[PDB]
Amino acid sequence: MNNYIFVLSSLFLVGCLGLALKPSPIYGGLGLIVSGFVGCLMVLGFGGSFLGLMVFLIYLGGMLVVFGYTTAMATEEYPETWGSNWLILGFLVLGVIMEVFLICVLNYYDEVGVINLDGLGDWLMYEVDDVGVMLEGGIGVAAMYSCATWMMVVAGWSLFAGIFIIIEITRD
Amino acid sequence: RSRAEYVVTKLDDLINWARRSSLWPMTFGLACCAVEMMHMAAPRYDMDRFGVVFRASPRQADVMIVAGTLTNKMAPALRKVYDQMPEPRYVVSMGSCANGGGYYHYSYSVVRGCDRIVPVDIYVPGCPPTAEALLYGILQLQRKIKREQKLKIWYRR
Amino acid sequence: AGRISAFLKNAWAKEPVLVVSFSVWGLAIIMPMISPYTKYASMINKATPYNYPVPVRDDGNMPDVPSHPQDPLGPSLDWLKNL
Amino acid sequence: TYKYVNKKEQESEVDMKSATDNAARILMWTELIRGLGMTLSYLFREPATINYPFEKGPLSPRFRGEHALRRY
Amino acid sequence: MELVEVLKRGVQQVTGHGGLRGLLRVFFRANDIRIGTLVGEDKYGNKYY
Amino acid sequence: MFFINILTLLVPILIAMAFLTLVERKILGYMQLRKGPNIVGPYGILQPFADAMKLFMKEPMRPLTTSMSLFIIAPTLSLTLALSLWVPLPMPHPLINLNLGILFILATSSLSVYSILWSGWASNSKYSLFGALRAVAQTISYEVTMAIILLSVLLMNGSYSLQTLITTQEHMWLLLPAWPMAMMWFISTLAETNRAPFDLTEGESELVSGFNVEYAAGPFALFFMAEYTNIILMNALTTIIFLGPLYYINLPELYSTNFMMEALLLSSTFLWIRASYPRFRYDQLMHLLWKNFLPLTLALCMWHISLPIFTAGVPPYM
Amino acid sequence: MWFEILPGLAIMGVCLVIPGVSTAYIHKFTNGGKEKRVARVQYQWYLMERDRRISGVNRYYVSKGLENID
Amino acid sequence: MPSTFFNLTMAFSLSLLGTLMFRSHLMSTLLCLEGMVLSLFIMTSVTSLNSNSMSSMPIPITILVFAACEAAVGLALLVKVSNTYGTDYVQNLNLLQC
Amino acid sequence: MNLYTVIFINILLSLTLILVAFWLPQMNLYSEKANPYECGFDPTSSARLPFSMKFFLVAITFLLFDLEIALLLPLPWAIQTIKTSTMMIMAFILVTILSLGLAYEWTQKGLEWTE
Ligand SMILES: COC1=C(OC)C(=O)C(C/C=C(\C)CC/C=C(\C)CC/C=C(\C)CC/C=C(/C)CC/C=C(/C)CC/C=C(\C)CC/C=C(\C)CC/C=C(\C)CC/C=C(/C)CCC=C(C)C)=C(C)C1=O
Ligand SMILES: CCCCCCCCCCCCCCCCCC(=O)OC[C@H](COP(=O)([O-])OCC[N+](C)(C)C)OC(=O)CCCCCCCCCCCCCCCCC
Ligand SMILES: CCCCCCCCCCCCCCCCCC(=O)OC[C@H](COP(=O)(O)OCCN)OC(=O)CCCCCCCCCCCCCCCCC
Ligand code: SF4
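Residues numbered from 1 in each chain as written, not as in the entry; some residues may be left out. Chains lettered and ligands numbered in written order. Part of a larger assembly, values for the part shown. Heavy atoms only, no water. Residues with missing side-chain atoms left out of burial classes, pairs and counts.

### Quick look at the overall build of chain C
- When its secondary structure is counted, chain C shows four helices and zero strands.
- Ordered by position from N to C terminus, the α and β elements of chain C give α-α-α-α.
- Against the compact-globule benchmark of 12 Å for 83 residues, chain C has a radius of gyration of 25 Å, which places it well outside the compact range.
- Seen through its principal axes, chain C has C-alpha atoms that stretch 75 × 25 × 25 Å.
- Of the roughly 6600 Å² of accessible surface on chain C, a fraction of 64% belongs to carbon and sulfur atoms.
- Here chain C carries 7 positive and 6 negative side-chain charges, and the mean point of each set is 24 Å from the other. (Helix = DSSP H or I, 4+ residues; strand = E, 2+ residues; numbered from the N terminus. Rg over C-alpha atoms; globule rule 2.2 N^0.38 Å. Areas by Shrake-Rupley, 256 points an atom, 1.4 Å probe, with all protein chains shown as cover. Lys, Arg positive; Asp, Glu negative; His and termini not counted. Charge placed at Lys NZ, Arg CZ, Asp CG, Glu CD.)

### Comments concerning the interface of chain I and chain F
- Residue-level contacts link 66 residues of chain I with 74 residues of chain F.
- If you list the elements that add at least two residues to the side of chain I that touches chain F, you get α1 (2-23), α2 (31-34), α3 (56-72), α4 (75-78) and α5 (84-107) of chain I.
- By residue number, the principal contributor to the side of chain I that touches chain F is α1(I), which donates 16 residues.
- Of the residues assigned to the side of chain I that touches chain F, the class counts are 46 nonpolar, 16 polar and four charged. (Contact = heavy atoms within 4.5 Å. Nonpolar A, V, L, I, M, F, W, Y, C, P; charged D, E, K, R; others polar.)

### Concerning the nonpolar core
- Of all hydrophobic cores here, the largest spans 259 residues; its most connected members are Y69(A), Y145(A), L103(F), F242(F), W290(F), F55(I) and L75(I).
- In terms of residues, this core owes the most to one element, helix α5 (residues 126-157) of chain F, which gives 18 residues.
- Not counting residues within four places of it along the chain, the set of residues in contact with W290(F) comprises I140(F), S141(F), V144(F), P295(F), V58(I), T61(I), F62(I), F65(I), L102(I) and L111(I).
- Core analysis: the next-biggest nonpolar cluster, separate from the first, contains 26 residues, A34(B), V52(B), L134(B) and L135(B) among them. (Core = buried A, V, L, I, M, F, W, Y, C linked by side-chain atoms within 4.5 Å. Buried < 20%, exposed > 50% of the residue type's maximum accessible area, 1.4 Å probe, protein only.)

### Considering the site of ligand 3
- In the vicinity of ligand 3 lie 18 residues, with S49(A), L98(F), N99(F), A39(G) and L3(I) positioned nearest.
- Ligand 3 sits at a junction of chains, with neighbouring residues supplied by chains A, F, G and I.
- One nitrogen or oxygen atom from the side chain of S49(A) is found 3.2 Å from an oxygen atom belonging to ligand 3.
- Calculation on ligand 3 without its partners gives an accessible area of 1100 Å², and the protein chains cover 69% of this total.
- If you tally residues by element for the shell around ligand 3, the top one is α1(I), at four residues.
- Partitioned by chemical class, the residues of the shell around ligand 3 number 14 nonpolar, four polar and no charged. (Near = heavy atom within 4 Å. Polar contact = N/O pair within 3.5 Å; in protein donor to acceptor, adjacent residues only side chain to side chain.)

### Thoughts on the interface of chain B and chain I
- At the interface, 14 residues of chain B touch 11 residues of chain I.
- Of the roughly 1100 Å² buried at the junction of chain B and chain I (both faces included), carbon and sulfur atoms supply 45%.
- Broken down residue by residue, the surface that chain B buries against chain I is led by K80(B), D83(B) and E87(B), which jointly contribute 47%.
- In this structure, the connection of chain B to chain I is made through three salt bridges.
- Of the charged contacts in the structure, one is a salt bridge between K80(B) and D42(I), with a shortest N-O distance of 3.6 Å.
- Residues belonging to the side of chain B that touches chain I are distributed by class as follows: seven nonpolar, one polar and six charged. (Buried area = accessible area lost by both parts, 1.4 Å probe. Salt bridge = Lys/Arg side-chain N within 4 Å of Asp/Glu carboxyl O.)

### What to know about the pairing of strand β1 (residues 63-67) of chain B
Residue and element names in this part refer to chain B.
- Counting buried positions over the five residues of β1 gives five, a clear majority of the element.
- Burial along β1 is two-sided: the residues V63, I65 and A67 and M64 and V66 are all buried.
- Where β1 and strand β2 (residues 90-94) come together, five bridges link them in parallel fashion. What sits directly across from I65, in β2, is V92.
- Handedness of the crossover is the feature at issue here: the chain leaves β1, passes through helix α3 (residues 75-83), returns alongside β2, and the resulting connection is right-handed. (Pairing = 2+ DSSP bridges. Right-handed = clockwise from strand over helix to strand, strands pointing away.)

### Quick word on unusual backbone geometry
- With an omega of -10°, the peptide bond running from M91(F) to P92(F) counts as cis.
- By the element assignment, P92(F) lies in the loop between α3 (68-86) and α4 (101-122).
- The linkage connecting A196(F) with the following residue, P197(F), adopts the cis geometry, with an omega of 10°.
- Mapped onto the elements of the fold, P197(F) is located in the loop between α7 (179-193) and α8 (218-241).
- Of note, the phi angle at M134(A) is positive, near 60°, even though the residue is not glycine.
- Turning to its location among the elements, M134(A) is positioned in the loop between α4 (86-108) and α5 (138-143).
- With a relative accessible area of 16%, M134(A) lands in the buried category.
- A positive phi angle is found at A312(F), which is not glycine, with a value near 55°.
- For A312(F), the location among the structural elements is in the segment after α10 (282-311).

### Some details on the arrangement of the chains
- With 19 pairs of chains in contact overall, the contact-richest pair is chains F and I.
- You won't find any contact between chain B and chain G; their C-alpha atoms come no closer than 12 Å.
- With no contact formed, the shortest span from any C-alpha in chain C to any C-alpha in chain G equals 11 Å.

### Here we look at the sheet that holds β2(B)
Residue and element names in this part refer to chain B.
- The three strands are arranged β1-β2-β3 in an open sheet whose pairing can be described as parallel. Edge positions in the open sheet fall to β1 and β3 (122-124), since each of these has one partner strand only. Each strand axis lies, on average, 20° off the axis of its neighbour in the sheet, ignoring direction.
- Direction of pairing for β2 relative to β3: parallel, over a ladder of three bridges. By the bridge assignment for β3, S93 is matched with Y123. (Axes fitted to C-alpha atoms, helices over the stretch in contact; angles between N-to-C directions.)

### Quick notes on the environment of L141(B)
Residue and element names in this part refer to chain B.
- Secondary-structure assignment places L141 in helix α5 (residues 131-146).
- According to the relative accessible area criterion, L141 is buried, its value standing at 0%.
- Once the C-alpha coordinates of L141 and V63 are considered, the two residues, 78 residues apart in sequence, prove to be 9.6 Å apart.

### Comments concerning the UniProt feature "transmembrane region" in chain C
- The positions that UniProt labels "transmembrane region" are, in the present scheme, residues 18-38 of chain C.
- Helix and strand shares over residues 18-38 of chain C are 86% and 0% respectively, and the end C-alpha atoms of the span are 28 Å apart. (UniProt positions renumbered as here; feature names shortened; annotations may be inferred.)

### Focus on the packing of aromatic side chains
- If you walk through the whole model with that rule in mind, you get 39 aromatic pairs over all chains.
- Relative to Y40(C), the ring of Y37(C) has its centre 5.7 Å away and its plane inclined at 50°; by these criteria the two rings are tilted.
- Summarising the aromatic geometry, the rings of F220(F) and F224(F) are spaced 6.0 Å apart at their centres and angled 55° between planes, so their arrangement reads as tilted. Here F224(F) and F220(F) lie together in helix α8, a separation of four residues that amounts to about one turn.
- Of note, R134(F) hangs over the ring of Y282(F), and the distance from its end group to the ring centre comes to 5.1 Å. (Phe/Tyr/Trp six-rings, centres within 6.5 Å; stacked < 30°, edge-to-face > 60°. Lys NZ or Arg CZ within 6 Å of the ring centre and 35° of its normal.)

### Quick look at the side chain of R34(F)
- Position of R34(F) among the secondary structure elements: in the loop between α1 (2-31) and α2 (47-57).
- A distance of 2.5 Å separates a polar atom in the side chain of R34(F) from a polar atom in the side chain of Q32(F).
- Sequence-distant contacts of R34(F), defined by excluding residues within four places in its chain, comprise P43(B), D46(B), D48(B), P47(D), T49(D), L28(F) and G29(F).

Next up, the structure:
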């Protein structure tokens, strides 16, 4: 229960490795969905649930549209997965081996640098308000409605101008 | 006999009960006999009451009711959708056309009975057989697959 | 105008969803500007005590703040109790 | 002779009451509700299903079934 | 009322097949518990109502 | 004891799903002037067990063109997400008490859509591809509209928890203040659960079977269980949100009974709707949810932003 | 007739009342005659942990009243 | 937290490496961009949760909003590329050298 | 811990069901059994070919609208603020801008499907 966050971070690294290795975009979207779920779990473990659930929902919608698009136009007769190419699968297992080697090197040589296996699970939650109401992560995002109205208006104008932009690009 | 033989017989009874209480035909028909087949589906006879429910895909089908004239142009398609059904599958030929060609037996473009193409479990005679007769054939098929002794034959192997 | 009313009736007959949507939008815009309870929502949210009221050091120079919670002085919530 | 199945004769003009009726029809799904009511009536009816093989559908003496050879 | 009359018809259909064993026999063979006038019985043992 | 609680949640939900299949057969039959299953068992009550046993003793299909990994992964994913969506519902006490319950519900529903999509793509068939693309369009439309609906309702409620919804409806149903968005939420749940007229993914007449046209036996059973568990799930969510059952602190059995009765009524309404209406065309579903529901949903969202402000009825944080 | 649906409806009703009633009873049994405490905020979680430390049996639901005060 | 942040930084580095090392699929390049975005979101969110910076908690949502606008415009451009060529091949997108 | 436990129990249950579904019945598979289904005839072309999308603009709009949903979702905590006038004005502006974008796309026929 100490290395739970580290296991999640390693799974996120593996998912990003597969996404970098670039299979067919169906499998790329699958890896991105798994990475988004893992990142949601990481934000959940580190603190408020709202940011993790938000990025989860956003990436579910995004990879849904991506799946529709890759079935539309970014497809091939034989879609390429991680196991179809010997070079891609070799790069996958080599990246896993390199990750294990790098975390062992940072455990041994660098001592307490970025990775410490003895200190793992000790520095996840630094300071928490033991007694207290109004502490959850969604309240800051709510404070965007009051404290950062400039942030609110630039986000809203980004979405509005984006609607106009996509209409003009796909106007044809 | 042996105690394990009794257990195997009871397991055979249970499997046969499940397979005969759940018989899903493919949504497949060719002619007037298939019109009588949907008249069996109609509220008077209620194949759904008997537990018999049409499924469109052959993958979810258990039985295939060949209801109509199997032509030469249709025979590869009929064999294909029969082969795509999973293994515990049965065939009910319906009407004189599917049985032995019927009124088109001496035609250049008619397969003289669907038993030349697929192995037929039960033949239902008529032109068309009534929905009563097709329901009778379905119940006779239920009795036939109640008679099956697969685990008992496997044990006696 | 007669033509404006005829267009509005035609819209209400043929596309009532948009008429209801625009009417609800307008009502949601104009209703807080005319309701007398609008200040009460902000006052209730201000009166909700999410944080501890940190006491102030009394130098004997402010007479307005109460010495005890059960004192007549201070922001009482009788308006909320009778709201 | 002939008749029209979908052609409408003249116009009903525009009225506030008629516009409100059409608005309520569109918004409150009135024909969908009465279709639901029709299916509900059928639910509370009696089914037309006989108990085969213990009950058989009616036939006539003219019925053509299995062949047979008779005698004097 | 008529609901109690329906319940009377139901309880006579339940207790009209001989006993509990006869009710279970007709209910698990014919899936039907209606009471009818016995028209006859053939030489093979079929009852007709 | 927690594992026993898991069992007494999971197993009765599965049995209620199977008897929902039976009750759909019976209700559709009696609305179609026939009887439905009454032979297999006393009154047909052994018919779902017969169907389950037949499907689990039929061989599965492993087509040559089919991506085996995603073909296997999709139905177990669908069933797991159905049970996971069932887990946090309060009746009146949830098995897992969450703060952002409806956000968990939305995430798990979208992941179930992904299970449908991956099944359709893995089963390398054109009808499966049609089912996947129709699922994409359907979930686009109902996702945006249902998200705004739930946002407005919980703005009236005040928090994302569901015991808070029980406390909100302690005195009155939310159907009375929020009945237009209750109707739109009901249609959204129909489209989410892929029920007629918005099924469009297991298209019986348009396609052959759609996304599960290559699935047979066991995995097909998993898909069917997931779908009907989602039916009971979404109707239970609808009656928790809008038709608040009577809650008393001294006895929660009254709440459970009232919740059961209203959920059964809503599920029977689903079967009633399937009997009554013909199927939409899947572009008409998108046009409906984007041209009629969505503008009204935005207007009502603005109205429910304004309403506690000018009525001073801002809901409590807790 | 239409009342043949009622056996399946009753089975569904029993299978729907079982999870909520059983969950409430299991919560009451595992928390000792009281409902399971909800810690939606850190203050409530701190209250639960303080009760667990106070009880002396490492169970928060064992409440201590005025018998611990002289 | 430091091991987690190092792993997130390496995840961003891998996604950037994937973006910089093209294959035939522009959609795969856009997916690598979205992976970079996801790593940035998770880093910002865990930093805000670790430092209790509720004032800076709107920043990850703003990142998601602008990045989704980026992804939307990328999908529109991929639509135009596929209408031009029939595929999303960066090897087809090459005729501006002269 | 409890949520993780029940998720794992669901995973184990579904894996057990699919495992017994694949290892319990008798296997008999051949070429015509596992050929893809095209209503009785051979498929003319592979199903991995490009398959045109007539609602792509609506999908991009769905991305933008989903992010508008993400912006609108902290409202149940935003209504607890002291300065409710600023929150109300900002929420009204956001929903009105979203509605104006939808109306502009509807006017410019972006909601209509191509061909
Ligand atoms: C005139 O010209 C012509 C035509 O033109 C008109 C033709 O058309 C034509 C072709 C003609 C035909 C093919 C004839 C076909 C007939 C018809 C079209 C009419 C029939 C009508 C219909 C098909 C409509 C039917 C409508 C309904 C509402 C019926 C309901 C049907 C359904 C599919 C939905 C119900 C679902 C099922 C039956 C399956 C459900 C059950 C399961 C999958 C079980 C799952 C459960 C589990 C796995 C649970 C397990 C878990 C547990 C815990 C259980 C515990 C277990 C233990 C053992 C303890 C011809 C030839 C023709 O010439
Ligand atoms: C859970 C609670 C109960 C929910 C309801 C459950 C029972 C009823 C179920 C009925 C069966 C539904 C099956 C699926 C039907 C699918 C079709 C469908 O619904 O289409 C939607 C139809 C679509 O209509 P349409 O598509 O026919 O219209 C044509 C539109 N064009 C031309 C643009 C294509 O209706 C709606 O969209 C209306 C949604 C509800 C609106 C409610 C408005 C109420 C009034 C608001 C306030 C008005 C006053 C404002 C203030 C004034 C002040 C002066
Ligand atoms: C077939 C493969 C399937 C893969 C996908 C699996 C999907 C699972 C079901 C859908 C999950 C959707 C995302 C859920 C994320 C967590 C939601 C949430 O809000 O959790 C918060 C909650 C407690 O937080 P809060 O509500 O704030 O309460 C604090 C005070 N009570 O709870 C917590 O904080 C608990 C944190 C952990 C919760 C998630 C546990 C997931 C377990 C792993 C599943 C996958 C395992 C790997 C694959 C196995 C082999 C296939
Ligand atoms: S046997 Fe007679 S009724 Fe049946 S398909 Fe042939 S011609 Fe038609």
